[PDB]
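The chain below stands alone and is given in C-alpha cells; this is the form deposited in one PDB entry.
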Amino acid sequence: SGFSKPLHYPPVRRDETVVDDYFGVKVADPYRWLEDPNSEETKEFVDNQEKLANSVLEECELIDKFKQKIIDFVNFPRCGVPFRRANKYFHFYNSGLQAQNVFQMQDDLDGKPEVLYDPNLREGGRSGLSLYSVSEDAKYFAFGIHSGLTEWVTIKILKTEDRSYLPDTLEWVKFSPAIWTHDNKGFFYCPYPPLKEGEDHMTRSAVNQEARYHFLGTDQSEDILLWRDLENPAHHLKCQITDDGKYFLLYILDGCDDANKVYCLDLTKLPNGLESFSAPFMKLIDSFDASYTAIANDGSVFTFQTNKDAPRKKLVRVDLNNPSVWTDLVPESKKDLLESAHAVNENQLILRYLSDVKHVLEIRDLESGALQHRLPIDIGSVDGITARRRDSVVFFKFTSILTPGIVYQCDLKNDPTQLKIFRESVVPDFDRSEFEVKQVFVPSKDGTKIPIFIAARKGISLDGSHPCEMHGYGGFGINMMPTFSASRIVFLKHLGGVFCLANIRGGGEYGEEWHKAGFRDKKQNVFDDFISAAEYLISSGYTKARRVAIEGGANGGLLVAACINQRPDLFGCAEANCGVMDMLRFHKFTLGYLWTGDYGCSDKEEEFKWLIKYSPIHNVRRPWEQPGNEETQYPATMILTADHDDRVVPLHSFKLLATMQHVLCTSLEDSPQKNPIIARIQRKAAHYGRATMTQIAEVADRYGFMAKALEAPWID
C-alpha cells in the first residue's frame, strides 16, 4: 500500500503582524520572510524541507527502477534540424546521454561533422547554449552561455575556421537573439540595463529594455543605442532582419498579449551606417491592436502574418511607400489556426496550420497566394522550420507520444509532393505497436467541448482499475502538443498507465477566441475544463478518484494547485513544477509583471476580485470541515522548484508549501491529513536547461512518488 511511516514536519516561523489592505479586504501574509532567497532563515527552511523530502522518497521503492528505465529509453542519438549559411551547414547533436547538446558544422549534409562548441567541457555541462547565431558568411558564431546560476546570458563569439574565441563579451541578455547584418561587421541584440553594485538577478525586477548594435572587436560600452522608452518601462522587445539584408525590424510588446508594434529601419539609406547614432524608424504599426510578423519582402512590398480582424490568423500584403493600404494574400481559414508561415525556394511559402490539434502543411505560391500541395501530418507535432527564402530544401522535426524524433526533408525543386526521412530516432527495446493514442471531445461545465488525447495499451478493459496521469497548461495562447517523453513510455509500459493531455481553454488551439475564454475574468473556465476531463476519465472507466495524478509546470503549476484546492476529492497525486502560487504579488518579482495581460493585477479592484477566488496560497482549506465530506483529504502532493529559478521565483512554491503544511498538518493536534505534503528543491539550478542526468533524477523521483501515492505496482 501507500504511505504508512509518520512524518516529522519541521517548524516554520509565522510573522502574524503582516497584513495588507486590498480595497477594504484584509489579507494576512505570515510567510512574507520566505520572499528573501539569500537569508539564513530561508536557507534553513530549504534544508529542513530537503530532509523531510528525503525520508518520504526513501519509502518509494520504485525510484531506482524508474531511473534506469528512463536512462535506457532516452539512450538514442538525436540530430537537430540543420540550417545553412553561405556553403556551410549547422546543427545540434547529442549521442544520447550527453549532459548538453553539442553544436556542429559541415561542408555538406553527408560530410564529416566538426564540433564548434561543446558545453560538456565547461563545469560538467551544468548549463547549455541558450543563444546560437551564425553570421551570413559562415565565418563567425555568436553563442550565449550562463555565467551564473540564473538563466541570464553572456554572449561570446568564435571564428568557425579554427574555433578561436574573440575577446568580445556582452552581458545583460535574457531572451534576445543576435541578428547579423549582411556586411558581417556586427549584430543587433536587445539587452536590459546592467546590475548596479548591490543588486541580484533573483531580487531585481528588470525594466527599460534596449535595442543595441555591437561592432565586432569593441567593448560592450561602445555598442550603439537604437531604442529605449523610459516613459514605458514595461514595454519589451523582439527583433529581426529581412532576408535581403535591407531592413532591421523592431517589434515592441506590452505584457503577454499577442499584439505588437512594427518599426522598420532602412539600412541601405544611412549616411554613416549605424555609427550615426534614436534612429529614424518608419512606424508602420504604432499601437497594440494586433499581432504582426514579417514573412517576406520584395523591396518595400511586405508580406505579414497577422491576427488583425482574424482570430485564426492570415497573410496580408502592404507597401511601405503607401502604408495605409493592406490587402489579403491568404485569407483566414474558416476552421483552422495559421500557426506560422515561412518563405522558401525564392517564390513559395510553407504554411503550418493547426487543425483539431494536429498539424497540416500547405505549399503555396508567394506572389499569387495559391494552393499547390497539402500534406496532413499524423497525431504529433511539426516544428523548427528555420529554412530561409534562398533555400530550395526545407527541413523540419516531427515528434509524437509514440515517435521519438524524425527530421524530414522536403526538396521543393526535385520532388515537392512527399516528405523523405533525413534522420529517424528509435527507442531501444520498445514495441510501438502495442500502444495507441486517440482524441475525444469532453463537455466542460458550461457545455464547451474540450479536446483531450488519451494514450494507453491497446485493448485494455475500461473497468476503473488503471492509474492515470493527466497533463495540462491553459494560458498565454500556448498550444499543447502530444510530443515524445521517455518517462511517459515507462509510465505506460512498466506501470500500466493511461496518459491524458487536455487541450483546455486559455491555450491558442482554436485561435484567439480559445485564449480569451480562459484568461483574466474567465480564468476559472481553465480549471473547470481540467476538472471535467478528470471526471470523464472516471465516468468512462479508464480510472477512479484514488488513481488519478495531475501534473503541470509554471502556469501549469497554478493549474494543479487551484484544482487540488477546489476538488481535492478527485485526485490521488498532485505534482506542481515551478508554479505561480501567490496571485496577489506575482507582478512584483523579476519579469512576472509581463503576466498581467493573462492574469490581471491586484493593483486594480475588479481584477483583485478575480484573483482572490483562486490564488493558491489564499485558498488552502481543510476539506474535512465542510459538512458531507468528512472522509476527504488533500492528495499526496509534491511541490517542485529550483533555488535560482528567476523566471518563476521560488517564493511562490515556498509560501504554498508552508501554508499547506500549516493549515492541513501542524495547526492541528491529530490531523486527518495522512498523505504527505513535501517539496523537492533542486539546488544550483534555474527554470529550465538542466543537465540530462539532473533532469532524469527529478523525473524518477516524481514518478516513484506517484507510484506510491496511487498504489501502482511495477510491471516487468
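Just count from 1 along the sequence shown to find any residue number. Note that the rigid core is defined as the largest set of C-alphas that superpose within 1.5 Å between two forms.
Heads up, the form deposited in another entry isn't pictured, but that's what we're talking about next.
Peer 1: With the two forms aligned on the rigid core, which of the residues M202, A290, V427, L361 moves its CA by 2 Å or more between this form and the one not shown?
Peer 2: Result of the comparison: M202.
Peer 1: Does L109 move its CA by 2 angstroms or more between this form and the one not shown when the core is aligned?
Peer 2: Yes, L109 moves 2 Å or more.
Peer 1: Taking the rigid core as reference, does the Cα of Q68 move 2 Å or more between this form and the one not shown?
Peer 2: Comparing the forms between this form and the one not shown, which are aligned on their rigid core, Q68 does not shift its C-alpha by 2 Å or more.
Peer 1: Superposing on the rigid core, is the Cα displacement of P193 between this form and the one not shown 2 Å or more?
Peer 2: Where the cores coincide, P193 still shows a C-alpha shift between this form and the one not shown that is 2 Å or more.
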